[PDB]
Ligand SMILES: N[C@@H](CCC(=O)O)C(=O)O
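One chain follows as structure tokens, the form deposited without gamma-L-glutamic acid.
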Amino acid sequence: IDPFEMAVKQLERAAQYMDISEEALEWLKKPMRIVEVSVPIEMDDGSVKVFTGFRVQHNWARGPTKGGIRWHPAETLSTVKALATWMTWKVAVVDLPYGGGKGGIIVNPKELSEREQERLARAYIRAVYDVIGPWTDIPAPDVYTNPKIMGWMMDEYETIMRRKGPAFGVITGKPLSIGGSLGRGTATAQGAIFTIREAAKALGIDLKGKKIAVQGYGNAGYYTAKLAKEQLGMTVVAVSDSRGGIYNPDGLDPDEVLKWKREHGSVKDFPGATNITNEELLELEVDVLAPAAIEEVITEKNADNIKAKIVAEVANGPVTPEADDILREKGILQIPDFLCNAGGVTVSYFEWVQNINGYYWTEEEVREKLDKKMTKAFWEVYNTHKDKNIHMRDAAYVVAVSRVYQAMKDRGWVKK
């Protein structure tokens, strides 16, 4: 299924639940600027290889576009366009002064050395300099890209820009030594925890003493479990990895589970815990479920057999639309995927603000501002959900598209 076709279909579906003009929908169905460039680098053997780079800016009505850069051998312009379109709604739902953007290079980084990767980053910056900037387009880490490459890109941009402004703010996800930000490691989990707390508040459920099951124990899953147990006081009873999952009604200690995973290569066979399958974890009777793993783990087949009161879509779309309808019919509140894991984008914006202002905050200030942002966004989505009598995800889409629509109307881009 073509990614851009899917994104356009999603946008039309969202527009079907709100009052939006045809001209605005047509404007939103097409990225405002797409830049495809050749990225030449010098190989370690002395040869020269040319790579294909992309930089799609879907919309900038609300402000400078924001989005990451992906280094995947299967990158396509369609995928970049779809991800920029999704990033637009991602930044619009949580009320950031950002638009939608995305980049990508068709390259396999597993076969490149450190020098070649640095050359690739610098050449990409040299190619796309004319369409990026602190107030035009702010790239970010993505798949097979890390803060190392962010530092290289920032250094190249500063070299080209002759230090005429906040070159630190041109890109986010940088190392702390050069314009970096605190709380970037646990941003997604912190946002998910705040959204879960607000959902419990909305449902009238006290989380102190309740049970939570987390699917996927990577950076997001482990930190979600850890932060839930620490702040929310929720008993973690089940975690899982690719290999399998474990269960214990008496509770799990996330630090010990992480230690065992980093020692035995997997979370399975944890002492005092019963081994369960991922499917079996989705079956447990808990009050919070946090899929932080592979996409499409909840389908029409197992949607009915879910007993969780709150499903926090920490991952990127772990629930299918049929499963969405079935789960909504069962009186279960869903937190949409691009609202639950909004911490990442929310944190990036804080980093950009720190770079622009020249003043960096502390871990507590970032945590409090993120708390405010996520609470406001979830509350703005839940109110739409209750007023329009539509699905949770649909409420978030309505909020984001309404925000973009209003910004477009204010600029005079669309007269209707």
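In case it trips you up, residue 1 is the first one in the sequence shown, and so on.
This protein has a second form, the form solved in complex with gamma-L-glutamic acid, left out of what is shown; the following refers to that one.
Trainee: Place gamma-L-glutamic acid on this chain by superposition, using its pose in the deposited complex; is the pocket open, or blocked by 3 or more ligand atoms lying within 2.4 Å of backbone or C-beta atoms?
Mentor: Answer open: no ligand atom comes within 2.4 Å of backbone or C-beta.
Trainee: Thinking of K102, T172 and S348 as one candidate spot, does gamma-L-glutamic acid come within 4.5 Å of a heavy atom in every one of them in the deposited complex?
Mentor: So, yes: the whole triplet contacts gamma-L-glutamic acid.
Trainee: Please name which of the stretches 377-385, 28-36, 46-54, 61-69 has residues with heavy atoms lying within 4.5 Å of gamma-L-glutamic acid in the deposited complex.
Mentor: Flagged stretch: 61-69.
Trainee: Given that gamma-L-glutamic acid is left out here, which of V93, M87, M153, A225 has a heavy atom within 4.5 Å of it in the deposited complex?
Mentor: Selected residue: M87.
Trainee: Identify, from the list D324, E198, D142, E75, the residue with a heavy atom within 4.5 Å of gamma-L-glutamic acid in the deposited complex.
Mentor: If I apply the 4.5 Å criterion carefully, the residue I get is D142.
Trainee: Evaluate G344 for contact with gamma-L-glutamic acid in the deposited complex, applying a 4.5 angstroms cut-off between non-hydrogen atoms, and reply yes or no.
Mentor: Yes.
Trainee: Is there a non-hydrogen atom of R184 within 4.5 angstroms of a non-hydrogen atom of gamma-L-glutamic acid in the deposited complex?
Mentor: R184: yes, in contact with gamma-L-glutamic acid in the deposited complex.
Trainee: Taking gamma-L-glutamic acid as it sits in the deposited complex, is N275 in contact with it (heavy atom to heavy atom, 4.5 Å or less)?
Mentor: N275 lies outside the contact set for gamma-L-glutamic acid.
Trainee: Given that gamma-L-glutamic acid is not shown alongside this chain, does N316 nevertheless sit within 4.5 Å of it in the deposited complex, heavy atom to heavy atom?
Mentor: Result yes; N316 sits at the interface with gamma-L-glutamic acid in the deposited complex.
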